[PDB]
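Novice: Can you read through this structure? Questions will come right after.
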2 protein chains.
Amino acid sequence: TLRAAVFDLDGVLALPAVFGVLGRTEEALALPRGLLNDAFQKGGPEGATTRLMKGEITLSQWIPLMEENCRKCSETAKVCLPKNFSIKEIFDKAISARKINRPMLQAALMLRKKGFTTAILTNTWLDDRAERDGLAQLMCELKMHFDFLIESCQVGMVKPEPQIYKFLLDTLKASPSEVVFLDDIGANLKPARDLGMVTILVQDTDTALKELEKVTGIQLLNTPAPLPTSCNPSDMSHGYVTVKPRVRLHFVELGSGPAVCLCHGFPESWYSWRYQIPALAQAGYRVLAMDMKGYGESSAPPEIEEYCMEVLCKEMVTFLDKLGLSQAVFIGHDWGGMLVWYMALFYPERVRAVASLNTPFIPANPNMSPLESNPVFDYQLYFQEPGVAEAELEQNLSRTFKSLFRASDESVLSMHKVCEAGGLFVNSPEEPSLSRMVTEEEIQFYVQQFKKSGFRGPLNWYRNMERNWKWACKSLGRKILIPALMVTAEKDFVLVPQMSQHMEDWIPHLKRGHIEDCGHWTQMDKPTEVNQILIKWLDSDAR
Amino acid sequence: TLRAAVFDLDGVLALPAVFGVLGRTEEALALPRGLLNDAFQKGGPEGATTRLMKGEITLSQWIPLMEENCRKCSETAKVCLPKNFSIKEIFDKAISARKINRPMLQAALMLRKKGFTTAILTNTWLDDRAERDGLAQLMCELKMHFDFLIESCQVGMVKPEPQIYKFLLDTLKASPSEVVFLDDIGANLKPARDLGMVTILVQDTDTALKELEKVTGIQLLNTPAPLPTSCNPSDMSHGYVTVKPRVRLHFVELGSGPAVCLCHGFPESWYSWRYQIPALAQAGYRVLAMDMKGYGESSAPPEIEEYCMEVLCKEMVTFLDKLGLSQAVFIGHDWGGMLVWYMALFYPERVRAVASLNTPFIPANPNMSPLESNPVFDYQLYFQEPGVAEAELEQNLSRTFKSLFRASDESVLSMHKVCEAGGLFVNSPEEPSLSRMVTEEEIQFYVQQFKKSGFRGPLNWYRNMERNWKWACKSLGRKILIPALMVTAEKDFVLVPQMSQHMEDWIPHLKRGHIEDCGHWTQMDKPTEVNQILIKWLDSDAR
Ligand SMILES: O=S(=O)(NC1CCCC1)c1cccc2nc(-c3ccc(C(F)(F)F)cc3)[nH]c12
Ligand SMILES: O=S(=O)(NC1CCCC1)c1cccc2nc(-c3ccc(C(F)(F)F)cc3)[nH]c12
C-alpha cells in the first residue's frame with residue numbers, strides 16, 4: 001500500500017526541462033544532434049557535471065568546464081561552434097524559461113491532502129550566477145508544498161547512484177513498495193525500480209497522472225477546482241509592535257515587495273485572510289495581516305473610547321512609523337473596510353492604495369446623529385448595552401462561530417428584531433452544523449483566539465457611533481483621490497451592494513469589483529475570486 | 001527656566017521653504033514680485049489655503065483653487081501667466097526639493113538629550129498627490145526625533161490663530177515662559193510672543209542656533225560629532241518564526257526595500273546592531289536584526305550539536321522560507337560573520353550579498369583536525385569543557401559585559417594563558433569601570449537578555465570545531481562568486497586584519513573595508529564608520 005510520492009524537479013515538477021532546451025539550442029544553432037547534451041554529460045561519473053551536481057563546485061565554476069566539453073565535442077564531430085557561442089547565455093535563458101508544472105504540483109498536493117508523504121528528489125547545483133534569484137523563487141514556491149526536498153548538491157550524492165535512493169528511503173521512513181517515484185529520465189528511474197518502488201516515466205503530464213491515479217486509487221485528473229493555499233498558524237512569522245503603553249498590535253507577515261496591510265472585520269482574526277496571505281505574497285507583495293485592536297494577540301483595553309475610528313487610525317499610523325514604513329496599501333473587510341476608508345480620508349500620505357471588501361464609503365450626515373436610528377438592523381442597538389452581547393457570544397464560542405461563519409445558502413442568522421427576540425442566537429440551534437466554508441479545526445482556531453479577550457473589545461467598535469460621526473464630519477469637504485477599489489458581494493444582506501451605489505460622487509476614480517453568490521464572509525466564501533480581484537488591482541494601481 | 005523647544009517644519013526643520021520657491025518661480029517666470037505668494041494667501045482666513053491648512057480639503061482639491069487665485073492675481077496686475085503654467089508642477093518640484101535641515105535637527109536632538117520636551121508645530125495639508133510618498137518619507141524621518149508632531153490639517157486649526165498656541169501649551173504641559181518657539185514667519189511668531197514664549201525668528205540656521213544656545217545655555221553649535229540614532233527596544237517591531245519544533249528565532253525589523261539580515265557575534269544580541277538598524281532602514285533597506293540561536297528571545301536548546309554551522313545555516317534558510325523571502329543580504333560580525341561565509345558557500349541562491357565584520361574566511365585544512373591546536377588563543381580550550389565557562393560568565397552578568405565590552409585603549413581582557421589562569425576574569429576587577437562605548441542602561445539590557453538562557457547556547461557555538469571542519473571540507477573546491485565585503489578592524493587582537501590577507505584566492509571579486517583604531521566590538525566602537533562602509537557597499541553591490 002503506497003504512502004509516499006517522490007517527484008523530480010526538471011521535466012516533472014518544472015517545465016520546460018533544461019535538457020530539452022539543450023536539444024532546442026542545438027537544432028536552432030544547426031548543431032549535430034546530441035552535441036550539447038553529450039558535452040553536458042562528458043566524463044559521466046568522473047566528469048564536470050557530476051562534480052557540479054555533487055556540490056563540489058558552483059554553477060559559475062562549471063560554465064568554463066562545459067565550454068571546454070563543447071569545444072572538444074565539436075572538434076571530434078568536425079563542426080564549428082558559432083561566433084557568439086556562450087554556455088552562460090544558453091543556461092541563463094534555460095533556467096529562466098523553466099516554470100512550475102501546475103497540474104503535477106496539483107496532484108502532489110492532492111496526494112498529500114489524502115495523507116501521502118511527498119518529496120522532491122532532484123539533481124541540482126549551487127547557483128551563484130547574478131540571476132540566481134529566479135531559481136530561488138521557483139524553489140521557494142515549490143518546496144513549501146512537500147514534506148522533504150532532497151538536492152544532490154546538498155547531500156553530495158547523485159542519481160543514478162544507489163546511495164541517494166537508500167537515502168531517500170531512510171528520509172521517507174518507508175519500505176520501497178510503499179513509494180511512487182516519478183522521473184523524466186529512464187536511467188534515474190531504474191535504481192528506484194530495482195529496490196521495488198513503483199516508478200512512473202514522465203513524458204507528458206496527462207499519461208503520467210493517469211498512471212499515478214491508477215496506482216494510488218486517488219482521483220488526480222479532472223478534479224474540481226482546489227481552494228488557494230491556506231496558512232498553518234505555527235508556520236507563520238508573528239510580529240508585535242507596541243503602539244502606545246498598554247496597546248500592542250499583533251500581525252502575521254509574509255512576502256517581499258510593496259507593503260499590504262490586511263484589516264479584518266467583526267468578529268474575526270488575521271486568520272480570516274488565510275487564503276489571501278500566500279497568494280498576495282506569491283504575487284510579489286509584503287503582506288501584513290493584522291489582529292485588529294481587541295482581537296487575538298493584540299491588546300484589548302476595556303474602555304469604549306479606545307475603539308473609536310480616530311484612535312484606531314492613529315494607532316495604524318504609529319504601526320507604520322514603528323515598522324519604518326512611509327506607506328502601505330490598506331485592504332479591509334467589514335469593520336476593517338470602514339477603518340481603511342478613514343485611513344485614506346485622514347492619512348492619504350500613508351496609504352499607497354485603499355481597498356474595501358463589502359463595506360461601502362458613505363459620508364456622515366451632518367444634520368442627523370446616527371444614534372437616532374429603527375428595528376431593521378437592530379443588532380446595532382443590541383450591541384450597544386455593555387455586557388449583554390458579550391454574555392451571549394462568549395457562552396459557547398464554538399456555537400458563536402458555527403452560527404456566524406455561514407455561506408449564502410447555509411441558513412444565515414437574522415439581523416432584524418434581535419432586541420425583541422432578546423439575542424442573536426435565540427432562533428439558532430445549540431449545536432449548529434459545520435459550514436462548507438470552514439473545517440472544525442479552523443472553527444477551533446477562532447475559539448482559541450477568543451478565549452483571551454472575549455468580545456468586549458470587538459463589540460466596543462460598535463460603541464463609538466456618535467464619536468465617529470463627529471470626526472467623519474470633519475472630512476465632509478474632502479474627496480478620495482488616491483487609488484481605490486470597492487468590492488461588493490451579491491449576497492451580503494448586511495453590507496448590501498446597493499449601499500455602495502453613490503461612492504463615485506466622493507471617489508471619482510473608484511475602481512470596482514463584484515462577487516456573485518458571495519455572502520458576508522467574503523475571504524473564505526470566495527477566496528479564489530477575492531485573490532484574482534485583489535492581485536489584478538494591486539499590479540495595476542499599487543505596483 | 002526653559003524646558004520645551006518648538007520647531008516649525010518649512011524654513012526651519014526643512015529647507016528650502018516652499019514659500020521661497022514661489023518667489024524663485026516668479027523670478028524665473030519673470031512674474032511680478034509677490035504674485036504667486038499673494039495668490040497663495042488670497043482671502044486670508046476665508047481663503048482656499050486656510051481651508052487646505054485646516055484639513056477641510058486635500059492638496060489635489062486645492063490645486064484648481066490656487067490656479068484661479070493665480071489667474072485673478074495676474075489679471076489685476078495686468079500681466080499674462082505663461083503657456084505651460086501649472087501649480088501642480090510648481091508644487092511637485094517644490095515639495096520634492098525640500099530636504100531636512102540637518103544642523104537644526106541636530107540641535108533639536110541635543111536639546112532633547114538634555115531633557116527638553118521637543119515638538120514640531122506646522123501648518124500642513126492632507127497630501128493625496130501620486131508623489132505623496134516623498135513628503136511621507138520626510139515626515140517619518142523627522143517625527144521620530146520629537147516628543148510631539150502638531151499638524152494644522154490634523155487639529156483643524158492654523159497659525160497665527162491663538163487657539164493652536166494654547167493647544168501647543170496644553171500638549172507640552174508647559175507655561176509659556178518655559179517654551180522656545182522657532183519659526184521663519186514673523187506673523188506666526190507674534191502669537192507665541194504675546195503668550196510670553198521665547199521666540200526665534202529663523203532666517204539663516206547659524207544665527208538662529210546662536211540665539212537658541214544663548215537662551216538655553218546648551219552648546220548647540222560647534223559640538224563634537226554625534227553618534228548615529230540608536231534603538232529603544234520597546235519601540236521596535238519584534239518578530240518570531242518557528243524554524244523547527246522547539247526552535248523559534250527572534251528578530252527586530254525596520255524599514256522597506258531589499259532584505260538585510262544582521263547576524264551578531266559572541267556573546268551578543270540583536271541590540272549590538274542598535275546603531276546600524278535605523279541607518280540602514282533610512283538608507284532604503286528592510287533590516288532584520290537577529291537574536292541568533294542560544295541568545296535573547298530565540299530558543300536555546302541545551303545540546304551541543306544544535307549549534308554546529310550546518311544546523312544554524314539550515315535554520316537561517318528555513319527562516320527565509322517562513323518569511324517568504326527568496327533572498328537576503330547576510331551581514332555578520334564575529335560568529336555571525338562565520339555563519340555568513342557558510343551561508344554564501346552552501347546557499348549562494350538565498351544570499352543576495354554577503355558581508356563580514358572582522359571575521360575572515362579561511363578554508364578548512366583537510367589534513368589537520370582543528371582540535372589539535374597551543375596556548376596562544378586558549379580561550380577556545382577553556383570554552384570546550386561544558387559547564388566551566390558557563391559558571392564564570394553567569395556568576396556576575398554586569399561584570400561579564402563590563403569586562404568584555406571594552407574599547408581598544410580600555411584595558412581589554414587577555415585571550416592567552418586562560419586555562420593556566422583558570423578563567424577569563426581571573427586578572428579582572430570585581431567591579432569593572434563603564435566603557436566609553438556603553439551606558440549602564442545598555443549594559444543592563446544585555447544583563448536582562450542573558451538571564452533567560454545564560455551562556456550554554458552561546459558557548460555551544462565553540463563546541464562543534466570538528467563537526468564544522470568536516471562540513472567546511474565539502475566546500476574546499478568552491479569559490480565565493482556572489483558580491484562580498486570583508487571589513488577589518490585594526491585593533492581587533494582576536495580577529496586580526498592580517499588573518500584576512502589571503503581571502504582573494506577564494507573570493508576573487510572581494511571588496512574590502514577597513515576601520516582604524518577599532519577594537520573587536522566594531523558596531524558600538526565605530527558606528528558612524530560601520531554605517532558609512534555598509535551603506536556605500538549596499539547601494540553599489542546589493543541595489
Ligand atoms: O453596525 S454598522 O454600522 N451597521 C450598518 C451597516 C449596514 C446597516 C447599518 C456596521 C458598519 C460597518 C461594518 C459592519 N459590519 C457589521 C456586522 C458584521 C458582522 C455581524 C455578525 F457577526 F453578526 F454577523 C453583524 C454586523 N455591521 C457593520
Ligand atoms: O574560537 S575561534 O574559532 N578562534 C579563532 C579566531 C582567531 C584565533 C582562533 C573564533 C572563530 C570565529 C569568531 C570568533 N570570535 C571569537 C571570540 C569572540 C569574543 C570573545 C570574548 F568574549 F571573550 F571577548 C572571545 C572570542 N572567537 C572566534
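Residue names in the C-alpha cells use chain letters A, B, ... in the order shown, residue numbers from 1 in each chain, and ligand numbers from 1 in the order shown.
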Which chain A residues are at most 7 Å from chain B (counting only C-alpha atoms), as a tab-separated table (two decimals) with N, CA, C and O atoms, in the first residue's frame?
Specialist:
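Final output, saved to out.tsv:
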chain	number	residue	atom	x	y	z
A	56	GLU	N	30.44	19.87	-5.43
A	56	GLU	CA	31.90	20.01	-5.34
A	56	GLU	C	32.33	21.40	-5.83
A	56	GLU	O	33.32	21.96	-5.34
A	57	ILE	N	31.60	21.92	-6.84
A	57	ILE	CA	31.80	23.22	-7.49
A	57	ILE	C	30.43	23.92	-7.71
A	57	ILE	O	29.38	23.27	-7.70
A	58	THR	N	30.45	25.23	-7.92
A	58	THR	CA	29.25	26.04	-8.17
A	58	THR	C	28.96	26.15	-9.67
A	58	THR	O	29.85	25.84	-10.47
A	126	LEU	N	24.72	24.36	-7.09
A	126	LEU	CA	24.82	25.53	-6.20
A	126	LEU	C	24.90	26.72	-7.12
A	126	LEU	O	25.90	26.88	-7.83
A	127	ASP	N	23.79	27.45	-7.23
A	127	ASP	CA	23.68	28.55	-8.18
A	127	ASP	C	24.18	29.91	-7.64
A	127	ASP	O	23.55	30.53	-6.78
A	128	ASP	N	25.33	30.37	-8.18
A	128	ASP	CA	25.97	31.63	-7.80
A	128	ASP	C	25.98	32.67	-8.94
A	128	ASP	O	26.77	33.61	-8.89
A	132	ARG	N	20.60	34.12	-10.05
A	132	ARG	CA	20.17	33.05	-9.12
A	132	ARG	C	18.79	33.24	-8.43
A	132	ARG	O	18.16	32.24	-8.08
A	133	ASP	N	18.33	34.49	-8.25
A	133	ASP	CA	17.05	34.75	-7.60
A	133	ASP	C	15.85	34.10	-8.29
A	133	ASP	O	14.93	33.69	-7.59
A	136	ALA	N	15.82	30.51	-7.06
A	136	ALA	CA	15.50	30.60	-5.63
A	136	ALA	C	14.00	30.85	-5.42
A	136	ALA	O	13.40	30.24	-4.53
A	137	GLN	N	13.40	31.70	-6.27
A	137	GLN	CA	11.96	31.99	-6.26
A	137	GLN	C	11.16	30.72	-6.65
A	137	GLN	O	10.18	30.39	-5.98
A	140	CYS	N	11.42	28.06	-3.69
A	140	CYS	CA	10.59	28.50	-2.58
A	140	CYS	C	9.13	28.19	-2.75
A	140	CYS	O	8.51	27.71	-1.80
A	234	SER	N	1.22	28.14	12.98
A	234	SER	CA	2.52	27.83	13.59
A	234	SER	C	3.68	27.92	12.59
A	234	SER	O	4.83	27.87	13.01
A	235	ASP	N	3.38	28.02	11.30
A	235	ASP	CA	4.41	28.14	10.26
A	235	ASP	C	4.65	29.62	9.86
A	235	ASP	O	5.53	29.89	9.05
A	236	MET	N	3.87	30.56	10.42
A	236	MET	CA	3.94	31.99	10.10
A	236	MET	C	4.93	32.77	10.96
A	236	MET	O	5.26	32.36	12.08
A	237	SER	N	5.35	33.92	10.45
A	237	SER	CA	6.19	34.87	11.17
A	237	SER	C	5.19	35.75	11.89
A	237	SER	O	4.29	36.30	11.24
A	238	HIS	N	5.28	35.81	13.22
A	238	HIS	CA	4.40	36.59	14.05
A	238	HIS	C	5.14	37.83	14.53
A	238	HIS	O	6.24	37.72	15.06
A	239	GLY	N	4.57	38.99	14.22
A	239	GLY	CA	5.11	40.30	14.56
A	239	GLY	C	4.30	41.01	15.62
A	239	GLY	O	3.08	40.84	15.70
A	240	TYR	N	4.99	41.80	16.47
A	240	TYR	CA	4.40	42.55	17.60
A	240	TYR	C	5.00	43.94	17.67
A	240	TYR	O	6.22	44.09	17.71
A	241	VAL	N	4.13	44.96	17.70
A	241	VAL	CA	4.53	46.37	17.79
A	241	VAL	C	3.78	47.05	18.94
A	241	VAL	O	2.54	47.10	18.90
A	242	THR	N	4.50	47.69	19.88
A	242	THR	CA	3.84	48.48	20.92
A	242	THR	C	3.50	49.85	20.31
A	242	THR	O	4.41	50.58	19.94
A	253	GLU	N	3.26	38.10	9.01
A	253	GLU	CA	3.96	38.70	7.87
A	253	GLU	C	4.53	37.68	6.90
A	253	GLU	O	5.16	36.71	7.30
A	254	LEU	N	4.29	37.91	5.62
A	254	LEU	CA	4.77	37.04	4.55
A	254	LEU	C	5.00	37.81	3.27
A	254	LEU	O	4.16	38.62	2.87
A	255	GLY	N	6.12	37.51	2.61
A	255	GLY	CA	6.48	38.07	1.32
A	255	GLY	C	7.40	39.27	1.36
A	255	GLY	O	7.75	39.77	2.43
A	256	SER	N	7.82	39.70	0.16
A	256	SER	CA	8.67	40.87	-0.09
A	256	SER	C	8.01	41.73	-1.18
A	256	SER	O	7.23	41.21	-1.97
A	321	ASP	N	4.96	53.80	11.35
A	321	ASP	CA	6.11	54.55	11.85
A	321	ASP	C	7.12	53.61	12.53
A	321	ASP	O	8.32	53.66	12.20
A	322	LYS	N	6.64	52.77	13.49
A	322	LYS	CA	7.47	51.82	14.22
A	322	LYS	C	8.05	50.71	13.34
A	322	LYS	O	9.12	50.19	13.63
A	323	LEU	N	7.38	50.37	12.25
A	323	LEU	CA	7.91	49.38	11.33
A	323	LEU	C	8.83	50.03	10.29
A	323	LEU	O	9.55	49.34	9.57
A	324	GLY	N	8.86	51.38	10.29
A	324	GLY	CA	9.66	52.20	9.40
A	324	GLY	C	9.10	52.16	7.99
A	324	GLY	O	9.86	52.01	7.03
A	325	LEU	N	7.76	52.25	7.87
A	325	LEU	CA	7.05	52.22	6.59
A	325	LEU	C	6.39	53.55	6.35
A	325	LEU	O	5.57	53.99	7.17
A	326	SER	N	6.76	54.23	5.25
A	326	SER	CA	6.17	55.52	4.92
A	326	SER	C	4.73	55.32	4.42
A	326	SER	O	3.88	56.18	4.61
A	347	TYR	N	-5.29	60.20	6.43
A	347	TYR	CA	-3.85	60.00	6.21
A	347	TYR	C	-3.56	59.56	4.78
A	347	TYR	O	-2.85	58.56	4.60
A	348	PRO	N	-4.03	60.28	3.72
A	348	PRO	CA	-3.73	59.84	2.35
A	348	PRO	C	-2.24	59.65	2.06
A	348	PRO	O	-1.90	58.84	1.23
A	349	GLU	N	-1.35	60.37	2.78
A	349	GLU	CA	0.12	60.28	2.63
A	349	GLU	C	0.68	58.91	3.02
A	349	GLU	O	1.78	58.57	2.60
A	350	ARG	N	-0.01	58.19	3.91
A	350	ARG	CA	0.45	56.91	4.45
A	350	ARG	C	-0.23	55.72	3.77
A	350	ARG	O	0.13	54.59	4.06
A	474	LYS	N	-15.67	66.13	9.92
A	474	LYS	CA	-14.53	66.99	9.60
A	474	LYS	C	-14.00	66.75	8.15
A	474	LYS	O	-13.33	67.61	7.58
A	475	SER	N	-14.30	65.57	7.58
A	475	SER	CA	-13.87	65.14	6.25
A	475	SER	C	-14.93	65.34	5.13
A	475	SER	O	-14.72	64.92	3.98
A	477	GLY	N	-15.83	67.85	3.31
A	477	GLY	CA	-15.38	68.63	2.16
A	477	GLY	C	-14.30	67.98	1.31
A	477	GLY	O	-13.91	68.51	0.25
A	478	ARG	N	-13.82	66.80	1.76
A	478	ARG	CA	-12.77	66.08	1.07
A	478	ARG	C	-13.33	65.03	0.14
A	478	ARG	O	-14.47	64.57	0.29
A	481	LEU	N	-8.95	60.72	-3.59
A	481	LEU	CA	-8.31	60.86	-4.91
A	481	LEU	C	-7.12	59.93	-5.14
A	481	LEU	O	-6.57	59.85	-6.25
A	482	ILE	N	-6.79	59.14	-4.10
A	482	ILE	CA	-5.75	58.11	-4.19
A	482	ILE	C	-6.36	56.82	-4.84
A	482	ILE	O	-7.60	56.72	-4.92
Novice: Excluding residue 203 (chain B) and any residue of its chain fewer than 6 positions from it, enumerate the residues within 12 Å of it, using only C-alpha atoms, and give them as a ChimeraX atom specification.
Specialist: /B:10-13,15-17,20,182-186,209,211
Novice: Can those selected residues be exported to a file as a short mmCIF file (atom, residue, chain, number, x, y, z; two decimals), in the first residue's frame so that it contains C-alpha atoms?
Specialist:
data_model
loop_
_atom_site.label_atom_id
_atom_site.label_comp_id
_atom_site.auth_asym_id
_atom_site.auth_seq_id
_atom_site.Cartn_x
_atom_site.Cartn_y
_atom_site.Cartn_z
CA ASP B 10 9.06 74.80 6.47
CA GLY B 11 12.04 77.11 6.59
CA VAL B 12 13.12 75.71 10.00
CA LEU B 13 13.38 71.87 10.12
CA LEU B 15 15.00 73.52 3.57
CA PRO B 16 14.36 75.11 1.09
CA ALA B 17 10.97 76.55 2.15
CA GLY B 20 10.82 80.73 -1.02
CA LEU B 182 11.34 78.78 16.41
CA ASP B 183 9.66 79.96 13.18
CA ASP B 184 10.68 81.54 9.84
CA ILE B 185 7.46 83.65 9.51
CA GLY B 186 7.25 86.79 11.69
CA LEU B 209 21.19 78.40 16.69
CA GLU B 211 20.11 82.70 19.77
#
Novice: Out of region 244-303 of chain A, which residues get alpha helix (DSSP H) from DSSP, as a ChimeraX atom specification?
Specialist: /A:277-282
Novice: Quick one: pick out all strand (DSSP E) residues within region 189-356 of chain A from a backbone DSSP run and write them as a VMD selection string.
Specialist: chain A and resid 198 to 201 237 to 244 247 to 254 259 to 263 286 to 291 328 to 333 351 to 356
Novice: Can you pull out the residues contacting residue 390 (chain B)? Cut-off 9 Å, using only C-alpha atoms, and skip same-chain residues under 2 positions away; I want them as a list in words.
Specialist: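 Final neighbour list, sorted by chain and number: residues 383, 386, 387, 388, 392, 393, 394, 395, 454, 455, 456 and 459 of chain B.
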Novice: Take the residues just selected and output them with N, CA and C atoms as a PDB file, in the first residue's frame.
Specialist:
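This went into out-v2.pdb:
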ATOM      1  N   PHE B 383      36.677  27.186  26.621  1.00  0.00           N
ATOM      2  CA  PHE B 383      35.260  27.181  26.233  1.00  0.00           C
ATOM      3  C   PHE B 383      34.739  25.804  25.892  1.00  0.00           C
ATOM      4  N   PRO B 386      32.070  21.545  28.966  1.00  0.00           N
ATOM      5  CA  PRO B 386      30.733  22.037  29.316  1.00  0.00           C
ATOM      6  C   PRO B 386      30.588  22.360  30.791  1.00  0.00           C
ATOM      7  N   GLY B 387      30.057  23.543  31.087  1.00  0.00           N
ATOM      8  CA  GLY B 387      29.761  23.988  32.441  1.00  0.00           C
ATOM      9  C   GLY B 387      30.738  24.951  33.069  1.00  0.00           C
ATOM     10  N   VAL B 388      32.020  24.825  32.714  1.00  0.00           N
ATOM     11  CA  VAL B 388      33.101  25.633  33.283  1.00  0.00           C
ATOM     12  C   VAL B 388      32.958  27.130  33.012  1.00  0.00           C
ATOM     13  N   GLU B 392      31.618  30.781  35.196  1.00  0.00           N
ATOM     14  CA  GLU B 392      32.338  32.061  35.295  1.00  0.00           C
ATOM     15  C   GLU B 392      31.546  33.258  34.731  1.00  0.00           C
ATOM     16  N   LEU B 393      30.967  33.094  33.526  1.00  0.00           N
ATOM     17  CA  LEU B 393      30.244  34.150  32.810  1.00  0.00           C
ATOM     18  C   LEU B 393      28.875  34.521  33.377  1.00  0.00           C
ATOM     19  N   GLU B 394      28.200  33.564  34.033  1.00  0.00           N
ATOM     20  CA  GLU B 394      26.872  33.764  34.638  1.00  0.00           C
ATOM     21  C   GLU B 394      26.930  34.258  36.088  1.00  0.00           C
ATOM     22  N   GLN B 395      28.085  34.081  36.782  1.00  0.00           N
ATOM     23  CA  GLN B 395      28.257  34.470  38.183  1.00  0.00           C
ATOM     24  C   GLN B 395      27.849  35.926  38.417  1.00  0.00           C
ATOM     25  N   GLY B 454      21.195  32.127  29.652  1.00  0.00           N
ATOM     26  CA  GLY B 454      22.575  32.088  30.114  1.00  0.00           C
ATOM     27  C   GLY B 454      23.537  31.932  28.956  1.00  0.00           C
ATOM     28  N   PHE B 455      24.660  31.260  29.222  1.00  0.00           N
ATOM     29  CA  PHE B 455      25.749  31.077  28.271  1.00  0.00           C
ATOM     30  C   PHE B 455      25.924  29.691  27.688  1.00  0.00           C
ATOM     31  N   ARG B 456      25.069  28.683  28.005  1.00  0.00           N
ATOM     32  CA  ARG B 456      25.274  27.350  27.402  1.00  0.00           C
ATOM     33  C   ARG B 456      25.164  27.383  25.843  1.00  0.00           C
ATOM     34  N   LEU B 459      28.004  29.430  24.198  1.00  0.00           N
ATOM     35  CA  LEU B 459      29.270  28.698  24.274  1.00  0.00           C
ATOM     36  C   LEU B 459      29.289  27.484  23.395  1.00  0.00           C
TER      37      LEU B 459
END
Novice: Please return as number ranges by chain the residues found within 9 Å of ligand 2, counting only C-alpha atoms and all ligand atoms.
Specialist: B: 265-268, 333-338, 358-360, 370, 376-381, 383, 400-401, 403-405, 412-415, 424, 461-462, 465, 493-496, 499, 520-521
Novice: Which is closer to residue 540 (chain A) than all the others in A:353, A:458, A:523, A:437, using only C-alpha atoms?
Specialist: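 Of the candidates, the smallest distance to residue 540 (chain A) is held by A:353.
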Novice: For residue 104 (chain A), work out the shell of residues within 10 Å, counting only C-alpha atoms and skipping chain neighbours fewer than 4 positions away, then give it as a ChimeraX atom specification.
Specialist: /A:7,12-14,100,108-110,205-206,208-209,220-221
Novice: Given the choices A:541, A:315, A:492, A:297, which gets closest to ligand 1 if the distance is worked out from only C-alpha atoms and all ligand atoms?
Specialist: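 Closest to ligand 1 of all the choices is A:492.
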Novice: Report the distance between CA of residue 270 (chain B) and CA of residue 439 (chain B) in Å, rounded to one decimal place.
Specialist: 16.9 Å
Novice: My list of candidates is A:212, A:524, A:362, A:515. Which is closest to ligand 1 when distances are computed with only C-alpha atoms and all ligand atoms?
Specialist: A:362
Novice: What gap, in Å, lies between CA of residue 500 (chain B) and CA of residue 343 (chain B)?
Specialist: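 So the two atoms, CA of residue 500 (chain B) and CA of residue 343 (chain B), lie 18.3 Å apart.
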Novice: Extract, using only C-alpha atoms, all DNA, RNA and protein residues at most 9 Å from residue 199 (chain B), discarding same-chain residues fewer than 2 positions from it, and format them as an NGL selection string.
Specialist: :B and (179-183 or 189-190 or 192-193 or 196-197 or 201)
